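Here is the file start-v3.txt (compact mmCIF, N, CA, C and O atoms).
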# COMPACT_ATOMS: atom_id res chain seq x y z
N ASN S 1 22.18 15.58 -13.21
CA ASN S 1 21.76 16.99 -13.38
C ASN S 1 22.59 17.67 -14.47
O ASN S 1 22.58 18.89 -14.60
N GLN S 2 23.31 16.87 -15.25
CA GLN S 2 24.14 17.41 -16.32
C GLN S 2 24.32 16.38 -17.44
O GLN S 2 24.08 15.18 -17.23
N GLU S 3 24.72 16.84 -18.61
CA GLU S 3 24.94 15.96 -19.74
C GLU S 3 26.35 16.13 -20.28
O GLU S 3 26.61 15.90 -21.47
N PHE S 4 27.24 16.55 -19.41
CA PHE S 4 28.63 16.75 -19.80
C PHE S 4 29.35 15.41 -19.79
O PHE S 4 29.48 14.78 -20.84
N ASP S 5 29.76 14.97 -18.59
CA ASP S 5 30.49 13.71 -18.40
C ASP S 5 31.45 13.46 -19.55
O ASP S 5 32.47 14.14 -19.69
N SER S 6 31.07 12.50 -20.38
CA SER S 6 31.81 12.10 -21.56
C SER S 6 31.28 10.76 -22.06
O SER S 6 30.82 9.93 -21.27
N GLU S 7 31.34 10.56 -23.36
CA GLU S 7 30.88 9.32 -23.98
C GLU S 7 31.75 8.14 -23.57
O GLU S 7 31.39 6.98 -23.77
N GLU S 8 32.88 8.46 -22.99
CA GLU S 8 33.84 7.47 -22.55
C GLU S 8 34.09 7.63 -21.07
O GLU S 8 35.01 7.03 -20.51
N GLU S 9 33.26 8.44 -20.42
CA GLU S 9 33.40 8.66 -19.00
C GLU S 9 32.74 7.53 -18.26
O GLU S 9 33.20 7.08 -17.21
N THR S 10 31.65 7.08 -18.83
CA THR S 10 30.88 5.98 -18.28
C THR S 10 31.48 4.67 -18.75
O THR S 10 31.37 3.63 -18.08
N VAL S 11 32.14 4.74 -19.88
CA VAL S 11 32.78 3.58 -20.49
C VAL S 11 34.20 3.92 -20.94
O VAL S 11 34.43 4.30 -22.09
N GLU S 12 35.13 3.80 -20.02
CA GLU S 12 36.53 4.06 -20.32
C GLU S 12 37.20 2.75 -20.74
O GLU S 12 36.80 1.67 -20.30
N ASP S 13 38.20 2.85 -21.61
CA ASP S 13 38.91 1.67 -22.09
C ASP S 13 40.41 1.85 -21.94
O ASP S 13 41.17 1.68 -22.90
N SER S 14 40.84 2.22 -20.75
CA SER S 14 42.25 2.43 -20.46
C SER S 14 42.59 1.98 -19.03
O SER S 14 43.68 2.26 -18.53
N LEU S 15 41.66 1.28 -18.41
CA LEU S 15 41.83 0.78 -17.04
C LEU S 15 43.00 -0.20 -16.97
O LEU S 15 43.61 -0.38 -15.92
N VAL S 16 43.29 -0.85 -18.08
CA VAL S 16 44.38 -1.81 -18.14
C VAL S 16 45.51 -1.24 -18.98
O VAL S 16 45.63 -1.54 -20.17
N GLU S 17 46.32 -0.40 -18.37
CA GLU S 17 47.43 0.21 -19.07
C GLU S 17 48.73 -0.55 -18.79
O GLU S 17 49.70 -0.43 -19.53
N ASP S 18 48.72 -1.34 -17.72
CA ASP S 18 49.87 -2.12 -17.32
C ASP S 18 50.05 -3.33 -18.23
O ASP S 18 49.35 -4.33 -18.10
N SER S 19 50.97 -3.20 -19.16
CA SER S 19 51.26 -4.27 -20.11
C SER S 19 52.23 -5.29 -19.50
O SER S 19 51.89 -6.46 -19.37
N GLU S 20 53.42 -4.81 -19.14
CA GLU S 20 54.47 -5.64 -18.55
C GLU S 20 54.67 -6.94 -19.34
O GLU S 20 55.14 -6.87 -20.49
N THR D 1 36.56 -0.15 -9.81
CA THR D 1 37.11 0.87 -10.73
C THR D 1 36.66 2.27 -10.32
O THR D 1 35.50 2.62 -10.46
N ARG D 2 37.60 3.05 -9.81
CA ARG D 2 37.31 4.41 -9.40
C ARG D 2 38.18 5.38 -10.18
O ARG D 2 38.43 6.51 -9.74
N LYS D 3 38.62 4.94 -11.34
CA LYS D 3 39.46 5.74 -12.21
C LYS D 3 38.80 5.87 -13.57
O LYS D 3 38.65 4.88 -14.29
N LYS D 4 38.40 7.10 -13.91
CA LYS D 4 37.75 7.40 -15.19
C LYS D 4 36.36 6.81 -15.26
O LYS D 4 35.36 7.46 -14.93
N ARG D 5 36.32 5.57 -15.69
CA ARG D 5 35.08 4.82 -15.84
C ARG D 5 34.32 4.73 -14.52
O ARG D 5 34.92 4.64 -13.45
N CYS D 6 33.00 4.77 -14.61
CA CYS D 6 32.14 4.69 -13.44
C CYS D 6 32.23 3.30 -12.80
O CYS D 6 32.33 2.29 -13.50
N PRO D 7 32.24 3.24 -11.46
CA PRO D 7 32.32 1.98 -10.72
C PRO D 7 31.06 1.14 -10.88
O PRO D 7 29.99 1.50 -10.37
N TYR D 8 31.18 0.02 -11.58
CA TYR D 8 30.07 -0.87 -11.80
C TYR D 8 29.68 -1.57 -10.51
O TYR D 8 30.54 -1.97 -9.71
N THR D 9 28.39 -1.72 -10.32
CA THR D 9 27.85 -2.37 -9.14
C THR D 9 28.03 -3.88 -9.21
O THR D 9 28.43 -4.40 -10.26
N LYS D 10 27.73 -4.58 -8.13
CA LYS D 10 27.87 -6.03 -8.09
C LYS D 10 26.97 -6.68 -9.13
O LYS D 10 27.42 -7.51 -9.91
N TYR D 11 25.70 -6.28 -9.13
CA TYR D 11 24.72 -6.82 -10.07
C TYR D 11 25.17 -6.64 -11.52
O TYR D 11 25.09 -7.57 -12.33
N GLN D 12 25.67 -5.45 -11.83
CA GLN D 12 26.14 -5.14 -13.18
C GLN D 12 27.33 -6.01 -13.54
O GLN D 12 27.36 -6.64 -14.60
N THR D 13 28.31 -6.03 -12.65
CA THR D 13 29.52 -6.81 -12.86
C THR D 13 29.21 -8.30 -12.99
O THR D 13 29.73 -8.97 -13.88
N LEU D 14 28.34 -8.81 -12.12
CA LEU D 14 27.97 -10.22 -12.14
C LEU D 14 27.32 -10.62 -13.46
O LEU D 14 27.69 -11.63 -14.05
N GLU D 15 26.37 -9.81 -13.92
CA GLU D 15 25.68 -10.09 -15.17
C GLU D 15 26.66 -10.11 -16.34
O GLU D 15 26.70 -11.06 -17.11
N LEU D 16 27.48 -9.06 -16.43
CA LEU D 16 28.46 -8.96 -17.50
C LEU D 16 29.46 -10.10 -17.43
O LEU D 16 29.89 -10.63 -18.46
N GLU D 17 29.84 -10.48 -16.21
CA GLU D 17 30.78 -11.55 -16.00
C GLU D 17 30.21 -12.88 -16.45
O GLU D 17 30.85 -13.62 -17.19
N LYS D 18 28.99 -13.18 -16.01
CA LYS D 18 28.35 -14.44 -16.35
C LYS D 18 28.07 -14.53 -17.85
O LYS D 18 28.32 -15.56 -18.46
N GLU D 19 27.58 -13.44 -18.43
CA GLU D 19 27.26 -13.41 -19.85
C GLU D 19 28.50 -13.65 -20.70
O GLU D 19 28.46 -14.43 -21.64
N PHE D 20 29.60 -12.99 -20.35
CA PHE D 20 30.84 -13.13 -21.10
C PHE D 20 31.45 -14.52 -20.90
O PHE D 20 31.97 -15.11 -21.85
N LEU D 21 31.39 -15.02 -19.68
CA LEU D 21 31.94 -16.34 -19.37
C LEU D 21 31.14 -17.44 -20.06
O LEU D 21 31.71 -18.40 -20.58
N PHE D 22 29.83 -17.26 -20.08
CA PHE D 22 28.93 -18.22 -20.69
C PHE D 22 28.96 -18.10 -22.21
O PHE D 22 29.12 -19.09 -22.92
N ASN D 23 28.83 -16.88 -22.68
CA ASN D 23 28.82 -16.58 -24.10
C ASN D 23 29.89 -15.55 -24.41
O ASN D 23 29.69 -14.36 -24.24
N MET D 24 31.04 -16.04 -24.83
CA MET D 24 32.18 -15.19 -25.16
C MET D 24 31.84 -14.21 -26.27
O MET D 24 32.48 -13.16 -26.41
N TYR D 25 30.84 -14.55 -27.06
CA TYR D 25 30.39 -13.70 -28.14
C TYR D 25 28.89 -13.50 -28.05
O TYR D 25 28.15 -14.38 -27.61
N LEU D 26 28.46 -12.34 -28.49
CA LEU D 26 27.07 -11.97 -28.46
C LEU D 26 26.66 -11.35 -29.78
O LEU D 26 27.51 -10.98 -30.60
N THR D 27 25.37 -11.21 -29.96
CA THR D 27 24.81 -10.62 -31.15
C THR D 27 24.52 -9.15 -30.91
O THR D 27 24.58 -8.67 -29.78
N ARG D 28 24.18 -8.44 -31.98
CA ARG D 28 23.87 -7.02 -31.90
C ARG D 28 22.68 -6.76 -30.99
O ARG D 28 22.74 -5.93 -30.08
N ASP D 29 21.59 -7.47 -31.25
CA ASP D 29 20.37 -7.32 -30.47
C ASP D 29 20.56 -7.74 -29.03
O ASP D 29 20.09 -7.07 -28.11
N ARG D 30 21.25 -8.85 -28.83
CA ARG D 30 21.51 -9.34 -27.48
C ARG D 30 22.35 -8.34 -26.70
O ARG D 30 22.08 -8.06 -25.54
N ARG D 31 23.35 -7.77 -27.36
CA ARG D 31 24.21 -6.78 -26.72
C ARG D 31 23.40 -5.54 -26.38
O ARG D 31 23.56 -4.97 -25.30
N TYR D 32 22.53 -5.15 -27.30
CA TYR D 32 21.68 -3.99 -27.08
C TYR D 32 20.72 -4.26 -25.93
O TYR D 32 20.44 -3.37 -25.13
N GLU D 33 20.24 -5.49 -25.85
CA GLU D 33 19.32 -5.89 -24.79
C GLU D 33 20.02 -5.84 -23.45
O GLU D 33 19.51 -5.25 -22.50
N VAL D 34 21.17 -6.48 -23.38
CA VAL D 34 21.97 -6.50 -22.16
C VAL D 34 22.26 -5.06 -21.72
O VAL D 34 22.12 -4.72 -20.54
N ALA D 35 22.65 -4.23 -22.68
CA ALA D 35 22.93 -2.83 -22.41
C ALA D 35 21.68 -2.11 -21.93
O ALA D 35 21.73 -1.32 -20.99
N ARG D 36 20.55 -2.41 -22.57
CA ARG D 36 19.27 -1.81 -22.22
C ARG D 36 18.89 -2.18 -20.80
O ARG D 36 18.48 -1.33 -20.01
N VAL D 37 19.03 -3.46 -20.49
CA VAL D 37 18.73 -3.97 -19.16
C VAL D 37 19.61 -3.29 -18.11
O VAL D 37 19.16 -2.98 -17.00
N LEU D 38 20.86 -3.01 -18.48
CA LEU D 38 21.80 -2.36 -17.58
C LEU D 38 21.63 -0.84 -17.61
O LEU D 38 22.38 -0.12 -16.97
N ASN D 39 20.64 -0.38 -18.38
CA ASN D 39 20.34 1.04 -18.51
C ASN D 39 21.56 1.81 -19.01
O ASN D 39 21.84 2.94 -18.58
N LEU D 40 22.30 1.19 -19.91
CA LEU D 40 23.49 1.81 -20.48
C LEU D 40 23.54 1.61 -21.98
O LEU D 40 22.61 1.08 -22.59
N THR D 41 24.64 2.05 -22.58
CA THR D 41 24.83 1.94 -24.01
C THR D 41 25.47 0.61 -24.37
O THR D 41 26.01 -0.08 -23.50
N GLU D 42 25.41 0.24 -25.64
CA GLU D 42 25.99 -1.01 -26.11
C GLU D 42 27.50 -0.95 -25.92
O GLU D 42 28.15 -1.97 -25.71
N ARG D 43 28.02 0.26 -26.01
CA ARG D 43 29.44 0.51 -25.84
C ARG D 43 29.90 0.04 -24.47
O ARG D 43 31.01 -0.48 -24.33
N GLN D 44 29.04 0.19 -23.46
CA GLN D 44 29.38 -0.22 -22.11
C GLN D 44 29.68 -1.72 -22.08
O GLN D 44 30.64 -2.16 -21.45
N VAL D 45 28.87 -2.48 -22.79
CA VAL D 45 29.02 -3.93 -22.84
C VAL D 45 30.18 -4.32 -23.74
O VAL D 45 31.02 -5.15 -23.38
N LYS D 46 30.23 -3.70 -24.91
CA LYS D 46 31.27 -3.96 -25.90
C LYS D 46 32.67 -3.74 -25.33
O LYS D 46 33.56 -4.57 -25.49
N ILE D 47 32.84 -2.63 -24.64
CA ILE D 47 34.13 -2.29 -24.06
C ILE D 47 34.42 -3.10 -22.80
O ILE D 47 35.56 -3.44 -22.54
N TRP D 48 33.39 -3.43 -22.03
CA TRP D 48 33.59 -4.21 -20.81
C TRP D 48 34.17 -5.58 -21.15
O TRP D 48 35.09 -6.07 -20.49
N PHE D 49 33.62 -6.20 -22.19
CA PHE D 49 34.06 -7.50 -22.63
C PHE D 49 35.49 -7.46 -23.15
O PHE D 49 36.29 -8.35 -22.88
N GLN D 50 35.79 -6.40 -23.86
CA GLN D 50 37.11 -6.21 -24.42
C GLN D 50 38.11 -5.87 -23.32
O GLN D 50 39.26 -6.31 -23.34
N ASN D 51 37.64 -5.09 -22.34
CA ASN D 51 38.46 -4.68 -21.21
C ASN D 51 38.89 -5.91 -20.42
O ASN D 51 40.00 -5.97 -19.90
N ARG D 52 38.00 -6.89 -20.35
CA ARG D 52 38.28 -8.13 -19.65
C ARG D 52 39.41 -8.88 -20.36
O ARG D 52 40.33 -9.38 -19.71
N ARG D 53 39.33 -8.93 -21.68
CA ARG D 53 40.35 -9.59 -22.49
C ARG D 53 41.69 -8.87 -22.36
O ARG D 53 42.73 -9.49 -22.16
N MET D 54 41.65 -7.55 -22.47
CA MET D 54 42.86 -6.75 -22.37
C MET D 54 43.47 -6.87 -20.97
O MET D 54 44.68 -6.81 -20.80
N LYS D 55 42.61 -7.07 -19.98
CA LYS D 55 43.05 -7.22 -18.60
C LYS D 55 43.74 -8.56 -18.41
O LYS D 55 44.64 -8.70 -17.59
N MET D 56 43.30 -9.54 -19.18
CA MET D 56 43.86 -10.87 -19.13
C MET D 56 45.21 -10.92 -19.82
O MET D 56 46.13 -11.62 -19.39
N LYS D 57 45.31 -10.18 -20.91
CA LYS D 57 46.53 -10.13 -21.71
C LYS D 57 47.58 -9.21 -21.10
O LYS D 57 48.73 -9.61 -20.92
N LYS D 58 47.20 -7.98 -20.79
CA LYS D 58 48.15 -7.02 -20.24
C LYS D 58 48.41 -7.28 -18.76
O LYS D 58 49.49 -7.72 -18.38
N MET D 59 47.40 -7.05 -17.94
CA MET D 59 47.52 -7.26 -16.50
C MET D 59 47.26 -8.72 -16.16
O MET D 59 46.41 -9.04 -15.33
N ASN D 60 48.00 -9.60 -16.83
CA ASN D 60 47.88 -11.04 -16.64
C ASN D 60 48.14 -11.41 -15.19
O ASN D 60 49.04 -10.80 -14.57
Turn the structure described in the file into structure tokens.
Amino acid sequence: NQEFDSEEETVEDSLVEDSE
Amino acid sequence: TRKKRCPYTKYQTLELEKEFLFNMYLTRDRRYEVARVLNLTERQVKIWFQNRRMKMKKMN
């Protein structure tokens, strides 16, 4: 019911921040 | 995945998993097709495949 979200909301690329 | 990115369903994850495992690389049209089939953007596929690699490297 909206077009806000984000172009990277559906496709985020930071789920793997744990480098270690 | 319940952080930022939308939680992919089993069917979605399975397809992306099998496609990437079977074909580590894809073409523009094939990626667009896969994305189309998943009712998403090519970016969804492009980043998912890369996310898998980054997950292997970082969160080894």
TODO: Can you check which residues of chain D DSSP gives as alpha helix (DSSP H) on the backbone and send them as a PyMOL selection string?
DONE: chain D and resi 10-22+28-37+42-57
Task: Within 7 Å of residue D:6 using all atoms listed in the file, minus same-chain residues under 4 positions, as an NGL selection string - done: (:S and (8-12)) or (:D and (1-2))
TODO: Could you please tell me, as a list in words, which residues of chain D have an atom within 7 Å of chain S when using all atoms listed in the file?
DONE: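 Result: residues 3, 4, 5, 6, 7, 43, 44, 47, 48, 51, 54, 55, 57, 58, 59 and 60 of chain D.
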- [ ] Could you tell me how far atom CA of residue D:9 lies from atom CA of residue D:27, in Å and to one decimal?
- [x]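 Atom-to-atom, atom CA of residue D:9 to atom CA of residue D:27, that is 23.7 Å.
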TODO: Report the distance between atom C of residue D:28 and atom C of residue D:56 in Å, rounded to one decimal place.
DONE: 25.5 Å
Open item on the list: What does the structure give for the distance between atom CA of residue D:37 and atom N of residue D:21, in Å to one decimal?
Closed with: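 Interatomic distance here is 16.8 Å.
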- [ ] Mind checking which residues fall within 8 Å of residue D:38, counting only N, CA, C and O atoms, ignoring those fewer than 6 positions away in the same chain, and posting them as a list in words?
- [x]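 So, after excluding close chain neighbours, the residues are residues 12, 31 and 32 of chain D.
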Next, dump the selected residues to file, keeping only N, CA, C and O atoms, as an mmCIF file, in the coordinates of the input.
data_model
loop_
_atom_site.group_PDB
_atom_site.id
_atom_site.type_symbol
_atom_site.label_atom_id
_atom_site.label_comp_id
_atom_site.auth_asym_id
_atom_site.auth_seq_id
_atom_site.Cartn_x
_atom_site.Cartn_y
_atom_site.Cartn_z
ATOM 1 N N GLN D 12 25.670 -5.450 -11.830
ATOM 2 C CA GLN D 12 26.140 -5.140 -13.180
ATOM 3 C C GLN D 12 27.330 -6.010 -13.540
ATOM 4 O O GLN D 12 27.360 -6.640 -14.600
ATOM 5 N N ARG D 31 23.350 -7.770 -27.360
ATOM 6 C CA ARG D 31 24.210 -6.780 -26.720
ATOM 7 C C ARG D 31 23.400 -5.540 -26.380
ATOM 8 O O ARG D 31 23.560 -4.970 -25.300
ATOM 9 N N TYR D 32 22.530 -5.150 -27.300
ATOM 10 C CA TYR D 32 21.680 -3.990 -27.080
ATOM 11 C C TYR D 32 20.720 -4.260 -25.930
ATOM 12 O O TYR D 32 20.440 -3.370 -25.130
#
Open item on the list: If we count only C-alpha atoms and set the cut-off at 12 Å, which residues sit around residue D:24, ignoring sequence neighbours fewer than 6 positions away in its own chain? Please answer as number ranges by chain.
Closed with: D: 16-18, 31, 45-46, 48-50, 52-53
